[PDB]
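Coming up is one lone chain in structure tokens, specifically the form deposited in one PDB entry.
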């Protein structure tokens, strides 16, 4: 199934870890069928069982796999439940679940309003708009890519210390008005080459494409954001009623 090249300078255990990772990334491994045994892998490739064991144990310690006594070794399927109706920040979302939020700046641009953005935000035109594009990390694992358009006057000058923490925190502080309401539009999608590369997932893997338009308590729109969320680590939850 996988491919081991003994002539390569990459150690065999490392090859196994990487190829199993690539297999989980590619969907090639069912999540609750057991992995091939140490024996099966070792015989298949003509390598030591201890080499196989080294790889599998490392993967367990990285949480990508888990052992069930008497049943074998299984692919981990960690998925966070994300509530759709509570208006929150990524930073709030992560801290609530005891994980450390982070960000890496993909791109920052101050841009001229378009008439389309101006219609969405109800902001001036012509005006200047922050365009803040970040990958959002949970314990240094990329979870999403978000591109947030915010009218300049609702945020003022921004620097790397804003980008590396919570934009919503800054928005409330800077405007002295809390964040109160949003509208979101959800669409399933396949990760583009670039999205996959930044997210560490396979090209074309399932992502949820989300557009959010977010409002201050005085009813001013301060954000129009377009984001892609990793399908493989998220479950989006909401409720419904007749009203």
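Residue numbers count along the first chain shown, from 1. Rigid core here is just the name for the largest C-alpha set that superposes within 1.5 Å across the two forms.
Original post:
Between 68 to 76 and 107 to 115, which has the larger average Cα B-factor in the PDB entry?
Top reply: Comparing averages over the C-alpha atoms only gives 68 to 76.
Subject >> Stretch with the higher entry mean CA B-factor, where the candidates are 232 to 240 and 1 to 9 >> reply: Mean B over CA atoms: larger for 1 to 9.
Original post:
At the C-alpha atoms, which of 213, 54, 176, 189 reaches the highest B-factor in this entry?
Top reply: Most elevated C-alpha B-factor of the set, per the entry: 176.
**OP:** Quick one: which of 50, 199, 29, 209 shows the highest Cα temperature factor in the PDB entry?
**Re:** Across 50, 199, 29, 209, the entry lists the biggest C-alpha B-factor for 29.
**OP:** Please rank the C-alpha B-factors of the chain's modelled residues and tell me whether residue 147 sits in the lowest, middle or highest third.
**Re:** Ranked within chain, residue 147 CA B lands in the lowest tercile.
Original post:
In terms of the CA temperature factor given in the entry, to which third of its chain does residue 37 belong: lowest, middle or highest?
Top reply: Its C-alpha B-factor belongs to the middle third of this chain's values.
**OP:** Consider only the C-alpha atoms of the modelled residues in this chain, order them by B-factor as the entry records it, and name the third containing residue 130: lowest, middle or highest.
**Re:** Bottom third by C-alpha B-factor.
**OP:** Please place residue 217 in the lowest, middle or highest third of its chain by C-alpha B factor as given in the entry.
**Re:** Middle third.
Original post:
Among the chain's modelled residues, which third holds the C-alpha B-factor of residue 82?
Top reply: Residue 82: CA B-factor falls in the middle third of its chain.
Unshown form deposited in another entry; subsequent notes refer to it.
Subject >> Which one of 117, 75, 154, 137, by Cα shift of 2 Å or more between this form and the one not shown, core superposed >> reply: Per the superposition, the moving residue is 75.
Subject >> Core-aligned C-alpha movement of residue 36 between this form and the one not shown, 2 Å or more >> reply: After core superposition, the C-alpha of residue 36 moves 2 Å or more between this form and the one not shown.
**OP:** Classify residue 55 as shifted (yes) or not shifted (no) between this form and the one not shown, where shifted means its C-alpha moves by 2 Å or more with the rigid core superposed.
**Re:** The answer is yes, as the C-alpha of residue 55 shifts between this form and the one not shown by 2 Å or more after core alignment.
**OP:** Superpose the two forms on their rigid core, then report whether the C-alpha of residue 233 is displaced by 2 angstroms or more between this form and the one not shown.
**Re:** No, the C-alpha position differs by under 2 Å between this form and the one not shown.
**OP:** Tell me whether residue 24 and residue 138 end up closer or farther apart in that other deposited form, going by their C-alpha atoms; the shift is 3 Å or more.
**Re:** Relative to the displayed form, residue 24 and residue 138 draw closer in that other deposited form - a change of at least 3 Å between their C-alphas.
Original post:
By 3 Å or more, the Cα spacing of residue 83 and residue 192 differs in that other deposited form; is it closer or farther than in this view?
Top reply: Here the pair is closer than in that other deposited form; there, farther apart.
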